[PDB]
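Novice: Chains as they are written, first to last, in the authors' numbering: chain y, 2 to 160; chain t, 2 to 160; chain w, 2 to 160; chain u, 1 to 160; chain A, 50 to 76, 140 to 434; chain z, 1 to 161; chain x, 1 to 161; chain v, 1 to 161; chain 6, 1 to 161.
Even for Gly, the Cβ is constructed at its ideal location relative to N, Cα and C.
Below are the structure tokens for one structure; questions will follow.
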Amino acid sequence: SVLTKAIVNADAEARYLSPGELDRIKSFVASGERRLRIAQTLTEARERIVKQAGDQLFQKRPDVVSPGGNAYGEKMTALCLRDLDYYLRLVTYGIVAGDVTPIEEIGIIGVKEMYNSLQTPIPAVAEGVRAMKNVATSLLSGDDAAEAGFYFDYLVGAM
Amino acid sequence: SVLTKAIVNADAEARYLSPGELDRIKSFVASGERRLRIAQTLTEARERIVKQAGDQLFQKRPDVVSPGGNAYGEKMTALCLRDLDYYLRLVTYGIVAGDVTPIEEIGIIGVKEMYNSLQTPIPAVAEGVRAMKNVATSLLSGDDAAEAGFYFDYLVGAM
Amino acid sequence: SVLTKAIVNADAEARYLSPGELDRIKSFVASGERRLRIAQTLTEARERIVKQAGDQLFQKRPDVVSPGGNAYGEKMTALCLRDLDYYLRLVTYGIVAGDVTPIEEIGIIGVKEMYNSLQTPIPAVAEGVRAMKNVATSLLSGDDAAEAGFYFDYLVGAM
Amino acid sequence: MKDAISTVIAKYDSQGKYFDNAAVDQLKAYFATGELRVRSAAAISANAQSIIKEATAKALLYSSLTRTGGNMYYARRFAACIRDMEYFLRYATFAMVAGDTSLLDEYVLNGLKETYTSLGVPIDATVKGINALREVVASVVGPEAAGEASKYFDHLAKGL
Amino acid sequence: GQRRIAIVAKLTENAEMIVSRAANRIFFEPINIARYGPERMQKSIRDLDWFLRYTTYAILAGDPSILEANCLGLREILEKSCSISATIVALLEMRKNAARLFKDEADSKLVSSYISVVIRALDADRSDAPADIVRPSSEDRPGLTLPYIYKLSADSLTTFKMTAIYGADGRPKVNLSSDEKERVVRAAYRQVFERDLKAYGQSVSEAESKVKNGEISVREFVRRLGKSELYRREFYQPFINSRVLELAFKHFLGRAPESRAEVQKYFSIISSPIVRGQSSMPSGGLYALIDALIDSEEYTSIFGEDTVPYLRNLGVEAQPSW
Amino acid sequence: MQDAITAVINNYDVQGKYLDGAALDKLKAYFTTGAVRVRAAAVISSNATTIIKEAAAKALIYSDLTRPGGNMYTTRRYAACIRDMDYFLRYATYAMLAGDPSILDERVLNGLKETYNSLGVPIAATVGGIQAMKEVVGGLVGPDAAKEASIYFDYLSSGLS
Amino acid sequence: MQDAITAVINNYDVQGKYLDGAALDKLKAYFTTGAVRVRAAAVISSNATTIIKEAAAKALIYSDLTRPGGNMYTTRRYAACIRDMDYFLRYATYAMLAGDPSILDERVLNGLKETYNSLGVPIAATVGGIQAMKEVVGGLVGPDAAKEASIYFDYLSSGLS
Amino acid sequence: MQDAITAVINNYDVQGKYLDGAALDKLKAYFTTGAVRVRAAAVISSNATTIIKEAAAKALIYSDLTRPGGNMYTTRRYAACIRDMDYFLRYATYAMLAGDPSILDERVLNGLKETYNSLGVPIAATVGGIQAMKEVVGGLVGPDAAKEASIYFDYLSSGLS
Amino acid sequence: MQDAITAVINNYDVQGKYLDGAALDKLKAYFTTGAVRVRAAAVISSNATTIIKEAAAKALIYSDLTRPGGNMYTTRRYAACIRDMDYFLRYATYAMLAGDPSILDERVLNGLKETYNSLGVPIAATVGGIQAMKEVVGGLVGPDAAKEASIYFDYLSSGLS
Ligand SMILES: *[C@H](C)[C@H]1/C(=C/c2[nH]c(/C=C3N=C(/C=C4\NC(=O)C(CC)=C4C)C(C)=C\3CCC(=O)O)c(CCC(=O)O)c2C)NC(=O)[C@@H]1C
Ligand SMILES: *[C@H](C)[C@H]1/C(=C/c2[nH]c(/C=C3N=C(/C=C4\NC(=O)C(CC)=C4C)C(C)=C\3CCC(=O)O)c(CCC(=O)O)c2C)NC(=O)[C@@H]1C
Ligand SMILES: *[C@H](C)[C@H]1/C(=C/c2[nH]c(/C=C3N=C(/C=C4\NC(=O)C(CC)=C4C)C(C)=C\3CCC(=O)O)c(CCC(=O)O)c2C)NC(=O)[C@@H]1C
Ligand SMILES: *[C@H](C)[C@H]1/C(=C/c2[nH]c(/C=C3N=C(/C=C4\NC(=O)C(CC)=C4C)C(C)=C\3CCC(=O)O)c(CCC(=O)O)c2C)NC(=O)[C@@H]1C
Ligand SMILES: *[C@H](C)[C@H]1/C(=C/c2[nH]c(/C=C3N=C(/C=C4\NC(=O)C(CC)=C4C)C(C)=C\3CCC(=O)O)c(CCC(=O)O)c2C)NC(=O)[C@@H]1C
Ligand SMILES: *[C@H](C)[C@H]1/C(=C/c2[nH]c(/C=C3N=C(/C=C4\NC(=O)C(CC)=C4C)C(C)=C\3CCC(=O)O)c(CCC(=O)O)c2C)NC(=O)[C@@H]1C
Ligand SMILES: *[C@H](C)[C@H]1/C(=C/c2[nH]c(/C=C3N=C(/C=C4\NC(=O)C(CC)=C4C)C(C)=C\3CCC(=O)O)c(CCC(=O)O)c2C)NC(=O)[C@@H]1C
Ligand SMILES: CCC1=C(C)/C(=C/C2=NC(=C\c3[nH]c(/C=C4\NC(=O)[C@H](C)[C@H]4CC)c(C)c3CCC(=O)O)/C(CCC(=O)O)=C2C)NC1=O
């Protein structure tokens, strides 16, 4: 969360929280209620977001759902969708936290290694996240969408 | 405390708390407010109780505060009074707990051994506690005094 | 040793050494110098004691050094003599210690099992020790011999 | 063990302090709550057997565990899990009375993950079963005492 | 086993039919397919196959127990969910199936005996089936309860006990086969010293003599071992006092030390300088420790005077997590 | 470390559950308390030097400790003791903002007893100092903030003792 | 355990050597020292309670430890600490009679550090108490005995630290 | 522990599958070998003392181990070593009846390494003894039985090393 | 580390004995096995990534561990577990070439149990994974090689458990 990040920087510097840092915390607590609503919206639309994004991804990448491809077959396709769902849940957590750190520890560290063992293509996963972003953006109001976009972009950058 | 004792018996039997046991808990919680007042009274009068009891003890036992005696000298006399204060604090803890167990762990186990190393006479210590009881009784109302007396008596019995 | 035994009993009882126990220790330390001389005598005569005892044993038991018997053959006869030497060394250790415990740990525990696997007859081994005792007794003065005899007897009893 | 009364005592003796009003306030609070906690405990004891069964149904039952190659599978395994759910309930009730979390971890939380990992029991499922016990309990208990009762359940859940 | 394999193979190939007839029979009171609903029906179909698959296993195994454990609790679980009768009626069909499949009377019979076990539990009431003991504790170590089926699944525990028999003489004399008497002693030696002490070839002469005669109890024998010279030096003398009380737990009571308060009570016993004792048998000290354990109610109750202590373990008495 | 917001998140993540209204309510509760906490933290930071001074004056100084043969005797030791006091204060402030005692366990509390015993620093005196700081802090922060501040100070004290 | 006499024997036994004059001389040395040791042991046993009292007065009592929040605070803990002191004294006496430090290693020293660390008992303070006992013991036993007594006390101290 | 029959059953039970004929054939194979195994076990039990004696003669005795300063020097140690040899033999016989190596892992192999390292018992020498026992056993049991017997002996040896 | 050839040499060196025919026979035995081992090692190295994948598929994945609240849940933990798997495979391959289990003890086995217990990693599941790797490896290497490969895998498993 924002507060954890601020504390950690202070501890490294071995100083009390700076006034500026404190001000940012104040802003965050005010923003939180709005953030909660944004997260709630995405949670309700979660099932549809995943479904729509999946379809887009498969259209964008025929290969992944092909006999050679990792995603091919019902079991595999379900797992690919489950992964998309996981990332969406992480994004919601991020929005409420106001930081990517929660997202980062659960999803972005060791992700390359995990997927390489699985043999899943990382770029395709990124495309799926991008697809989810577009669906999510449409349901969200513009300013809400921008907030959500940042977290989505981070995920795409990470993979 | 009463509640701990009841829970412990239940756990030994590996059963949920019996109705009778539950009733005793109910009685204790009702009594607690009265108990708190009794404890509060003694705490406020603590300084005077100790002082009065000390004087009585020293009158009763000239020897302890004599060149041969352990209590003799300012430093030693202070320590003797500190001990009396400790026991009073323990008694207050007991009243709120409704059990002697709190008193017992802090003050009554190994007491013989400690005092024997110090060479302090145990009977004199007991007299001091008795003296404190008499002072405490006077300040307390009769029913309150009876409750307080039980805890005081236990201490005297223990030493 | 005598002292070790006394200490061990005290530790089990969790008490300081009893006066009686202390007295026995005192007696032992006085005796020690005499004991050292007795041990020294046997050590010097060791080679001859073993040789003489061996011959006596073989006369007493023709069978052991017979084609059927375990002792038969040069290699085997040497081993039998080596065993006798071992037991003599143990006896000397015992005399200085004033206790059979040193002897017992090295030689008497599991001895039956070891010899049974080897198939060596235990009674013949005992006879050899008895033979060694007789030789040793002759070289020792009477009172010295009695002391030495006790340790020799213990060995014979053990096997 | 430690309960809310004795906890306050224990913090004061280490400081060597006589009881202050601040401490007396915490003690008063326990005594106010206590009367209904006794009521809520009795409710939970009576309906315990039912509470467990409902909870199992919501999460444990109709899961992969029930299917062969899961822990629930077999009557023997099924029975064990129920015992564990009964354990979680008695303690949570014991914790509700007393009003101190610690009773929980001395008797339950300490060592649990290590046994479960050794037996092969899945930690997550148990956590779900505990959360289920919480919802059932809350209804039986009623709204005022539910907040109280929910705390001890949540402690167990985060411990695992 | 070889023919049992053949029997299993026959049962396996006709299994689907065997299930069907039992199912068709019931799908006493007869219950319609539809009111039950698909899931409950699906469960019932699974259950039939389940009994049968265990039966095949039970044949191969050659033990009633596998079927025994699973059937017990199952009858309790079923009832609100299921009619008890329908399950029964099912075996009527399958035992008839069993008789038909295997022409050898004995082959059909053994298959029947496995099916009989399943039925016999179902027949037995929920009340008739017995709940397993719950290990009791005083003010520390919460009381834990174990399920019986769990206890049944676990391999049976061999108990070595020798019981003193009263005589017309009035001096107790105990009757055992030459091997059987001394076998208790062999295991006692083995429990306390954690290894058999015969391979070293020392053991207390007078201890064991008295138990063979039967005047001092086995409980009193294990007492005599702990006090013995052999028991220290092997244990006690090489350890620090805090470690000795932990090993002395394991061999004397079969559990590990379960709480902070007990390891404290016992640490004060072994620590405490003895009150002077007239009995030349050294007073208390570590002997106090050993007394306190045998004299403990937990000891006496669980083991009794006859039994030699056994190691309680995963299978028995539950076993705590902390 | 952990904070209240992250604690809620972590509990949900182990369940795998998406955030729900009940969870949201807990988060909302924290957000209301947050404003008070931030004000308290700013007060403490500004008065940190004084808080330490006052607390030392109340317990540590003018005592045997400062006199020769005492643990806080010599400039080096004196400076160390006040540095330790500052640590406790800073971490308690961090904990108060976080709303969680975990940071205290992870940084301050872990291995402190052992360190102190090797050093020969007196634990009870240190605890006394922490309690003194709490009292001073309580005044400055004001009553609503004081309750929140006190729990973290007490947590430190209990850990050390 | 082991004693000086047995130690010599054991060294020879591993070599397989019969006892020799050099070995005998070491044994003889022990025998002369023995009488002194026995006298010292009797002195210590009679004055054990006082020795502990004096040592506690020198180091433990009138300290943070005895004050609330200190390790030796409460009667139960006080009693435990003096019990431990007695253990050290008794074992040191045993070692002095034996003429060998081994018993200390086998009973007292092994696992004590770890136990104390888990308990949070302060090792350095305990060592201080042992050193204090040594000083008191030295007086009572007298000079010849004191040197012998001191080595075992020092051995305990080094082990704990 | 586990046996061959149960191992197959357990694998099938997790799958939920009724036993395949191929699986049944493996079980059938075991049942035929079982008669031969029982005969082998009886041979070993009767000749156990001799087997140990011969194996010791081949490796352990007439060696540095038995000579002073060697691990098997002194009667007590000699007796211990032959007791261990008997254990290995008995457990291998149990394993042969079972048709499964698991019992060896559960009872013999678990904690053995640690015990030996603390004792200072030499593992390689022990392994040598096990191999020697295997050779002696092979003769007595006869060829068909020997192959079965050998695998369990080898399993023990591999575990220790 | 040590190998088979060096192990023989070391045993002789402590004895001070020149190499003898019996020793030579052990060396000769190793030399025959050697060629097979080299082929097996090359197979394992080429298929290492797949071996790990298959073993994970058999035991670790599609399980509670991978599901939220499981030890291998989260990318970080998943990556850690597969890293550990790779370690075990590499070391087992080294051991197979060497013909000695010692390297496993010196590198992998020492302190692993303690590390895992602190981490809260489940040992039984890890053991399961090792056994799975063994099965996959057995197929690729072929039967003669498999027997040799299996012992090292079993050694790792026994150590962990
Ligand atoms: C007064 C009634 C009697 C008396 C008292 C006395 N006490 C001491 C010294 C100490 N007494 C204690 C006692 C306690 N510490 C605890 O933890 C508890 C329970 C909470 C008690 C009761 C302690 C620890 C000491 C040791 C010194 C210290 O504070 O560190 C003395 C002086 C000791 C001395 O002999 O020098 C005295 C005199 N003596 C009497 O004769 C009175 C009857
Ligand atoms: C109802 C008249 C018919 C039927 C259906 C049915 N079964 C259950 C529940 C269970 N059945 C089992 C199965 C077994 N476990 C075992 O150990 C054995 C013995 C080999 C069997 C057969 C179990 C354990 C359950 C409980 C949980 C589960 O689903 O696994 C139900 C529902 C009851 C519930 O949910 O508890 C129903 C409707 N079984 C029949 O044979 C009847 C003809
Ligand atoms: C005199 C030239 C200046 C002066 C001094 C002053 N000091 C204090 C208080 C303390 N000074 C010390 C210093 C030391 N303690 C040590 O261990 C060492 C090294 C050996 C030193 C030099 C300490 C510990 C104290 C604190 C109080 C105590 O005694 O425990 C004061 C008064 C306290 C206060 O400031 O309120 C003063 C006045 N003051 C000046 O202005 C002079 C220039
Ligand atoms: C006194 C000089 C110091 C001191 C002592 C102290 N010890 C304990 C508790 C225990 N002491 C031991 C240690 C031993 N185990 C052994 O085997 C031996 C040698 C034979 C010893 C010395 C043990 C096992 C305990 C725990 C037992 C119990 O809890 O009752 C305490 C009490 C600590 C507690 O939290 O209970 C104390 C106070 N500590 C000091 O402050 C002195 C410097
Ligand atoms: C002579 C009285 C009888 C006799 C002797 C004999 N011994 C062996 C072989 C061994 N003897 C020992 C014994 C000991 N090892 C010890 O450590 C001790 C205690 C210090 C003893 C006494 C051992 C270990 C052996 C094994 C061989 C070895 O030394 O490596 C033999 C050889 C027979 C055999 O090996 O089976 C013999 C003949 N046997 C008699 O018949 C005499 C009556
Ligand atoms: C003989 C081939 C080698 C040898 C053996 C040896 N072992 C010990 C001592 C012990 N051995 C064990 C081992 C086991 N206990 C079990 O339960 C099992 C599995 C069923 C085994 C294998 C134990 C526990 C001990 C200690 C107990 C005891 O009193 O023996 C020794 C004695 C070591 C000592 O000095 O105490 C010996 C000599 N050593 C060799 O030299 C041979 C190569
Ligand atoms: C979909 C966008 C792409 C895809 C996905 C895919 N994934 C798997 C299998 C797994 N993926 C995960 C990932 C996670 N576990 C976590 O804990 C997290 C963060 C919370 C993630 C992201 C895991 C663990 C698995 C393994 C299965 C399991 O969990 O039990 C598959 C199947 C792989 C297989 O062949 O077994 C697939 C197909 N595949 C693509 O190519 C898409 C672009
Ligand atoms: C007082 C605190 C306490 C706890 C909690 C405890 C847990 C506990 N659970 C056990 C077993 C068990 N526990 C479970 C439980 C489950 N499997 C699942 O999949 C479910 C999610 C879950 C419960 C719903 C099972 C199945 C076993 C049997 C082990 C097995 O063979 O799989 C055992 C082994 C005891 C025995 O069965 O003999 C213990 C110690 N014991 C205690 O003392």
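What do you reckon, is the C-beta of residue 162 (chain z) under 7 Å from a heavy atom of ligand 3?
Specialist: The structure shown has nothing for residue 162 (chain z), since chain z only spans 1 to 161.
Novice: How is residue 273 (chain A) classed by DSSP in three states: helix, strand or coil?
Specialist: strand
Novice: Between residue 26 (chain y) and ligand 3, is the CB less than 7 Å from at least one heavy atom?
Specialist: no
Novice: If contacts are defined as beta-carbon pairs under 8 Å, then residue 116 (chain y) and residue 110 (chain y) qualify, I think. What distance do you get, rounded to the angstrom?
Specialist: The Cβ separation is near 13 Å, so there is no contact.
Novice: Please determine whether the Cβ atom of residue 87 (chain v) lies at a distance below 7 Å from any heavy atom of ligand 6.
Specialist: yes
Novice: Sorted by chain position, which residues of the same chain lie with C-beta nearer than 7 Å to residue 27 (chain z)'s C-beta, five sequence neighbours on each side aside?
Specialist: If we look at residue 27 (chain z) and ignore the five residues flanking it on each side, its Cβ neighbours are 5 and 8.
Novice: Using a beta-carbon distance below 8 Å, is residue 122 (chain 6) in contact with chain z?
Specialist: Answer no: the Cβ-Cβ gap between residue 122 (chain 6) and chain z never drops below 8 Å.
Novice: Give the residues of chain A in contact with residue 127 (chain x), contact being defined as C-beta atoms less than 7 Å apart.
Specialist: What residue 127 (chain x) touches in chain A: nothing, since even the nearest Cβ is about 17 Å away.
Novice: Less than 8 Å between CB atoms is the rule here; does residue 14 (chain v) satisfy it with respect to chain u?
Specialist: yes
Novice: Could you run through the segment 11-36 of chain w and flag, in chain order, every residue whose CB is less than 8 Å away from some CB of chain A?
Specialist: 12, 13, 14, 15 and 16
Novice: Give the single residue among 20 (chain u), 151 (chain u), 48 (chain u) and 47 (chain u) whose Cα lies nearest to the Cα of residue 100 (chain u).
Specialist: 151 (chain u)
Novice: Is the distance from the Cβ of residue 137 (chain w) to the Cβ of residue 147 (chain w) below 8 Å?
Specialist: no
Novice: Is the segment 59-78 of chain t in contact with the segment 38-46 of chain u, if contact means three or more CB pairs nearer than 8 Å?
Specialist: no
Novice: Go ahead and label residue 151 (chain t) buried or exposed: buried means 16 or more other beta carbons lie within 10 angstroms of its beta carbon, across all protein chains shown.
Specialist: exposed
Novice: Within this structure, are the beta carbons of residue 368 (chain A) and residue 405 (chain A) separated by less than 8 Å?
Specialist: no
Novice: Of all the alpha helix (DSSP H) runs that stay within the bounds of the segment 35-85 of chain t, which reach a length of 4 or more residues?
Specialist: 47-61
Novice: Are the C-beta of residue 105 (chain z) and some C-beta of chain y separated by less than 8 Å?
Specialist: no
Novice: Counting only the same chain and skipping the five closest in sequence on each side, list residues whose C-beta sits under 7 Å from that of residue 62 (chain w).
Specialist: 125 and 128
Novice: Using a Cβ-Cβ cutoff of less than 6 Å, which residues in the same chain neighbour residue 92 (chain v) once the five nearest sequence positions on both sides are dropped?
Specialist: 152 and 153
Novice: Tell me which residues share the same chain as residue 36 (chain x) and place their Cβ nearer than 8 Å to its Cβ, disregarding the 5 neighbours each side in the sequence.
Specialist: 144, 145 and 148
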